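Cβ atoms come from the backbone with ideal geometry, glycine included; neighbour counts cover every protein chain shown. Any read-out appearing in this document is the output of simple, stated calculations on the displayed coordinates, not a laboratory observation.
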Protein chains: 2
Amino acid sequence: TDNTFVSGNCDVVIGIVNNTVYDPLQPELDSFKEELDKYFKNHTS
Amino acid sequence: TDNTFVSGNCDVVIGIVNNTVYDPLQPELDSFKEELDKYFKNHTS
């Protein structure tokens, strides 16, 4: 995401291809979400 | 992290020194972790 920027849509670009843009913030918050799930178990003890 | 970028390793560039890299994402997730700290003694009570 930091290497590119979002503009327009996919229709206005001639020759555009489909791929999966890697979000650098997605796994960091997902791994932190798994850390929260470990801390959520401490709410019962 | 926004003022630098990760490239290569520490064994290539000559004269490299050891230090810590402050990540702006760390305190935001730490403050939220400390915001959750008050919730442990809540549910258990």
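Odds and ends about this structure:
- Residues (surrounded by 11 or more Cβ atoms within 10 Å (Cβ to Cβ) and more than 10 Å from every other protein chain (Cβ to nearest Cβ)) located in region B:14-25: B:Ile16
- Only one of B:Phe5, B:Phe40 that is within 11 Å of chain A (Cβ to nearest Cβ) and within 19 Å of A:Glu28 (Cα to Cα): B:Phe5
- Condition met for B:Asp11 (surrounded by 11 or more Cβ atoms within 10 Å (Cβ to Cβ) and out of contact with any helix residue (DSSP H, G or I) (no Cβ under 7 Å at 6 or more places or on another chain)): no
- Matching option when the condition is loosely packed, with under 10 Cβ neighbours inside 10 Å, within 14 Å of chain A (Cβ to nearest Cβ) and assigned to a helix (DSSP H, G or I), among B:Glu28, B:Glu35: B:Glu35
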